[PDB]
């Protein structure tokens, strides 16, 4: 194990083994600033930036002064590793530098309870992949049937689409049920009204570090050098609006009304201890998508739902990121194979995370099986899709011996449509 001079509860999401990056502000200071979570506190990086005396950061301390993590993300792995090593030393229970500097320590730390979290970065482009095999299979069965579940290209490339960047909001942001066009009756023209099949989608997403030049693909051998860290994501969906609009150009308004992400970006370095061998792929992908480097992660995911009249939230999904068929390396490589330029701060999501066990399906569309099964949310109460006032909270964590690497919350409450 390892210990910080800052007290850390055994089940805390933020032990010294984690050290996630976030943007926060406080009642005392409205300026959004970069911080690192440790225990129940936040270490203000702008206050201690002068302590980053290493080669990679000494002339780049200004990145810790920014209102977003973009510049830090754009520095690259040498900088990330140096920052992490510095923080591990400084927060160490045996290191005196910060521990014994009473005045520095006083203005460098703030309680997480006092902080308002903001989006970690300015996202230039958001991309949603569709890499969970059971998810695509489930949707396939409902749409086409048991026999033609997966479409021809699924096993050959990590299919994905460009999402809406503007509507990616931080955990805690209320999400209003969307108005739009839908076609409930095929024998009648479409109608305008409030979404009737509001859903959540359990996902995880990673931020891009240094980008690639316009026109220059990122070789899969170098893909890992561009992955900064991860966050939890709830890709809120309006299924009825989506179904009517999506053919042939893809998900659009049924997705863009809101997408929530957790605030704390857990660095890839903190997740490496939980890496496991990649799933066997058959057919074997083309050479450009082939890599031996293990890059599949054992991250326990959970989703709870709490109706406005409920006192206790019901856990409706227990899944794991290790189910994913295509890795983040294959996704990033594929995303740049044509020359597309990924940039620092870009966000690439996994797609709904569903395992084979029905208990691990990552969307109410799957859990209620298209509204044909009731989801048990605690006696006297059931659900098919989201009701106004419902709060959905996604959490996740890696379990180590005597410690865990957690992500904090990815929450949102449904507000009534303007109807």
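Residue numbers count along the first chain shown, from 1. Basically, rigid core = biggest C-alpha set you can superpose within 1.5 Å across the two forms.
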Legend entry - Outlying stretch relative to shown form, 127-135 versus 93-101 in 4 other deposited structures of this protein, C-alpha RMS (core): 93-101
Legend entry - Mean C-alpha temperature factor, higher of 369-377 and 65-73: 369-377
Legend entry - Which of 333-341 and 184-192 has higher mean CA B factor, as the PDB entry lists it: 184-192
Legend entry - Residue of maximum C-alpha B factor among 251, 263, 145, 229, per deposited coordinates: 145
Legend entry - From 118, 97, 133, 239, residue of greatest CA B-factor: 97
Inset, instruction - Rank-wise, by C-alpha B-factor, drop residue 259 into the lowest, middle or highest third of its chain. - result: lowest
Inset, instruction - Determine, from the deposited record, the chain-internal third of the Cα B-factor for residue 384: lowest, middle or highest. - result: middle
Inset, instruction - Could you tell me which third, lowest, middle or highest, the C-alpha B-factor of residue 48 occupies within its chain? - result: highest
Legend entry - Position of residue 41 among the chain's modelled residues by C-alpha B-factor, lowest, middle or highest third: lowest
Inset, instruction - Compare the C-alpha B factor of residue 405 with those of the other modelled residues in its chain, then answer lowest, middle or highest third. - result: middle
